[PDB]
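A.B. asks: Pasting a structure here, questions to come.
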Amino acid sequence: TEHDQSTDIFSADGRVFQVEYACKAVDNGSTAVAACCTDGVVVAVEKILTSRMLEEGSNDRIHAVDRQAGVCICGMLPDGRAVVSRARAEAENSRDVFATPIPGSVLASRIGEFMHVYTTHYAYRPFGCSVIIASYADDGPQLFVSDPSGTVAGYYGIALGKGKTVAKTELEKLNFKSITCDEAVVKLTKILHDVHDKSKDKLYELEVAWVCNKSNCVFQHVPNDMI
Amino acid sequence: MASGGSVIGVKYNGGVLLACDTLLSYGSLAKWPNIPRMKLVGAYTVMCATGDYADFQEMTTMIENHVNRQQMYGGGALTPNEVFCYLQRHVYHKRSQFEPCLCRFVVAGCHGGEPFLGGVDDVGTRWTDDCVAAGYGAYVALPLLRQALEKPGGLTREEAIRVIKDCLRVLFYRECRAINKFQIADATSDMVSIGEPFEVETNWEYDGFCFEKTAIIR
């Protein structure tokens with residue numbers, strides 16, 4: 001059992017255990033849900049509060065990466081943050097070098113590539129976050145997840161973290177051809193309030209952002225009067 | 001080597017005006033008569049320059065990007081004074097590498113009901129003041145704006161427009177590489193707005209300009 005100490009090593013079954021373990025961080029972190037709608041994308045996360053004396057806006061999991069794109073970090077927050085800075089450099093690169101807002105599929109590709117590389121060198125470790133990518137550039141509304149392996153997949157709706165198996169069951173009852181950004185903000189908030197465990201995490205708040213036709217395709221936290 | 005001519009600016013009670021023409025030249029050729037030379041930078045600020053248009057494009061791009069990125073990543077909206085400071089540092093740096101920005105900038109804006117106006121030249125010299133100019137503006141316009149501002153208590157918006165237009169008219173008369181087509185930006189109430197192009201009325205019909213009096217040989 002020396003085969004699980006570096007991520008530069010296959011196990012005998014063809015697994016990379018350092019990457020499995022990092023995925024376990026994510027699966028024990030807080031629950032986030034997202035929905036790709038007709039007019040945009042909505043993300044909602046649940047912040048577990050470590051203290052009643054935090055200012056509001058502390059330990060934000062949702063960050064803007066470009067005028068039209070944002071990420072929600074699920075898993076370890078500072079790991080997630082290093083991923084946010086790369087995502088911004090990519091987004092900036094695309095405007096600087098190619099004169100275009102980055103497409104959502106391309107930004108997700110580049111984030112994956114980035115997370116993948118810390119899965120191959122003895123000297124580094126995998127990231128301990130998944131990153132939800134929400135975009136609305138010339139390719140329309142897109143929602144991608146990258147994970148610690150560097151796998152990237154597009155979604156209509158999704159849920160990560162500890163609540164994720166129930167949240168997934170409720171996200172299945174939505175209708176993704178009709179639903180708008182306004183309806184989703186309501187429904188996703190209801191799902192985070194129901195999968196919340198009250199025994200274990202007494203202090204929480206919800207964070208919620210969006211990029212829609214309302215917001216003039218700008219990624220932004222939703223105005224706090226809509227929960 | 002598309003190049004812009006004169007820029008001028010003046011402060012009045014409540015804000016500041018910046019003006020230029022819409023022409024890029026190449027040497028003596030008037031190559032593009034319909035270029036908007038003024039650039040909005042952030043929420044409060046507007047810039048223009050005399051000189052090499054490529055060097056202006058590059059420098060305003062770099063600046064607009066710092067300003068927009070800083071705002072989007074949680075560091076607030078840079079003010080005219082801050083934008084101006086950052087500009088002058090980059091102009092200076094490039095001069096110090098012997099790769100200068102061959103432009104002369106005029107920057108204007110309005111934040112906290114306080115209007116800004118300042119200049120930066122291509123070796124990094126900077127100054128603020130009630131009237132700034134670049135190009136033949138500095139020789140032709142400033143004597144008029146400065147005379148105008150001598151009045152005590154300052155200028156109303158309308159008196160600032162009148163004197164801006166008289167300067168425009170003299171540039172059009174005495175600056176070779178110019179055209180009768182101008183825009184004015186107005187910083188006021190914490191925001192800038194750029195007007196549609198306009199033309200000034202000129203005079204060509206004096207008796208001393210007639211054919212017989214200007215004839216070299218009678």
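In the structure tokens, each chain is lettered A, B, ... as it comes, each chain's residues begin at 1, and ligands are numbered from 1 in order of appearance.
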Where does DSSP see strand (DSSP E or B) in region 80-161 of chain B, if you list the residues as a list in words?
C.D. replies: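 Answer for region 80-161 of chain B restricted to strand (DSSP E or B) is residues 103, 104, 105, 106, 107, 108, 109, 110, 111, 114, 115, 116, 117, 118, 119, 120, 126, 127, 128, 131, 132, 133 and 134 of chain B.
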A.B. asks: Set the distance at 9 Å and use only C-alpha atoms: which residues neighbour residue 50 (chain A) once local chain neighbours fewer than 6 positions away are removed? I'd like the list as a count of residues only.
C.D. replies: 3
A.B. asks: Should the cut-off be 10 Å, what would the residue list for chain B against chain A look like, counting only C-alpha atoms, as a compact mmCIF listing (two decimals) with C-alpha atoms, in the first residue's frame?
C.D. replies:
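Below is the file that was written, out_17.txt:
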# COMPACT_ATOMS: atom_id res chain seq x y z
CA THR B 61 -6.09 49.38 -24.01
CA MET B 62 -3.72 48.52 -21.22
CA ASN B 65 -8.18 46.70 -19.00
CA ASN B 68 -12.25 47.13 -15.83
CA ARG B 69 -10.49 44.17 -14.24
CA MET B 72 -14.81 43.19 -11.66
CA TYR B 73 -12.46 41.46 -9.16
CA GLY B 74 -13.61 43.42 -6.07
A.B. asks: Using only C-alpha atoms, determine which residues lie at most 6 Å from region 91-107 of chain B, disregarding the query and same-chain residues fewer than 2 positions distant; provide the list as number ranges by chain.
C.D. replies: B: 46-52, 55, 88-89, 117-124
A.B. asks: Neighbours of residue 149 (chain A) within 12 Å (only C-alpha atoms; same-chain residues fewer than 4 positions away dropped), as a ChimeraX atom specification?
C.D. replies: /A:7,15-24,26,111-120,125-131,145,153
A.B. asks: So that I can check the secondary structure, give me every residue of region 2-203 of chain B assigned helix (DSSP H, G or I) by backbone DSSP, as a ChimeraX atom specification.
C.D. replies: /B:53-72,80-96,137-140,142-149,157-174
A.B. asks: What is the distance between CA of residue 11 (chain B) and CA of residue 188 (chain B), in Å to one decimal?
C.D. replies: 10.2 Å
A.B. asks: Quick one: everything within 10 Å of residue 159 (chain B), counting only C-alpha atoms, minus sequence neighbours fewer than 6 positions away in the same chain. Send it as a list in words.
C.D. replies: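 Contacts, with the query itself left out: residues 12, 148, 149 and 165 of chain B.
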A.B. asks: Contacts of residue 224 (chain A) at 10 Å or less, counting only C-alpha atoms, minus same-chain residues fewer than 2 places along, as a list in words?
C.D. replies: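 The neighbour list is residues 207, 208, 221, 222, 226 and 227 of chain A.
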A.B. asks: Residues at most 10 Å from residue 34 (chain A), counting only C-alpha atoms, excluding those fewer than 2 positions away in the same chain, as number ranges by chain?
C.D. replies: A: 32, 36-37, 41-45, 72, 132-134, 143-144, 155-160, 171, 184-185, 188, 208-210
A.B. asks: May I have the residues from that selection written out with C-alpha atoms, as a JSON list (two decimals), in the first residue's frame?
C.D. replies:
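Output contents, as saved in again29.json:
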[["chain", "number", "residue", "atom", "x", "y", "z"],
["A", 32, "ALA", "CA", -24.05, 23.62, -4.42],
["A", 36, "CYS", "CA", -28.96, 26.05, -17.23],
["A", 37, "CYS", "CA", -32.10, 27.87, -18.32],
["A", 41, "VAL", "CA", -27.53, 30.19, -15.83],
["A", 42, "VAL", "CA", -28.18, 30.23, -12.09],
["A", 43, "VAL", "CA", -25.88, 28.90, -9.32],
["A", 44, "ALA", "CA", -26.63, 28.53, -5.62],
["A", 45, "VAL", "CA", -24.32, 27.49, -2.87],
["A", 72, "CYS", "CA", -18.67, 28.40, -7.93],
["A", 132, "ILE", "CA", -18.89, 24.92, -11.57],
["A", 133, "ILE", "CA", -18.50, 27.19, -14.62],
["A", 134, "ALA", "CA", -21.44, 29.34, -15.66],
["A", 143, "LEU", "CA", -22.93, 25.18, -17.37],
["A", 144, "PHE", "CA", -19.81, 23.01, -16.96],
["A", 155, "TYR", "CA", -24.85, 19.90, -17.79],
["A", 156, "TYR", "CA", -28.41, 21.12, -17.78],
["A", 157, "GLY", "CA", -28.54, 21.00, -14.00],
["A", 158, "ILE", "CA", -26.17, 19.72, -11.30],
["A", 159, "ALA", "CA", -25.46, 19.33, -7.58],
["A", 160, "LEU", "CA", -22.17, 18.82, -5.72],
["A", 171, "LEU", "CA", -33.27, 18.73, -9.91],
["A", 184, "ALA", "CA", -34.84, 28.76, -10.90],
["A", 185, "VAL", "CA", -33.66, 31.21, -8.22],
["A", 188, "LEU", "CA", -32.80, 25.95, -6.27],
["A", 208, "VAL", "CA", -26.74, 32.78, -5.35],
["A", 209, "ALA", "CA", -25.53, 34.24, -8.65],
["A", 210, "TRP", "CA", -26.56, 34.44, -12.25]]
A.B. asks: Measure the distance from CA of residue 52 (chain A) to CA of residue 29 (chain A) in Å and round it to one decimal.
C.D. replies: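 These two atoms are separated by 19.4 Å.
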A.B. asks: Closest to residue 167 (chain B) among B:8, B:153, B:32, B:128, using only C-alpha atoms?
C.D. replies: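 Smallest separation from residue 167 (chain B) among the options: B:8.
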A.B. asks: Which residue is closest to residue 162 (chain B)? Choose from B:214, B:138, B:180, B:17 and count only C-alpha atoms.
C.D. replies: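 Ranking B:214, B:138, B:180, B:17 by distance to residue 162 (chain B), first place goes to B:17.
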A.B. asks: For a test of reading the model, state the distance in Å between CA of residue 108 (chain B) and CA of residue 150 (chain B), rounded to one decimal.
C.D. replies: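 Taking CA of residue 108 (chain B) as the start and CA of residue 150 (chain B) as the end point, the length is 20.9 Å.
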A.B. asks: May I ask which of the residues B:75, B:186, B:205, B:126 is the closest one to residue 157 (chain B), counting only C-alpha atoms?
C.D. replies: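 Using only C-alpha atoms, residue 157 (chain B) sits closest to B:186.
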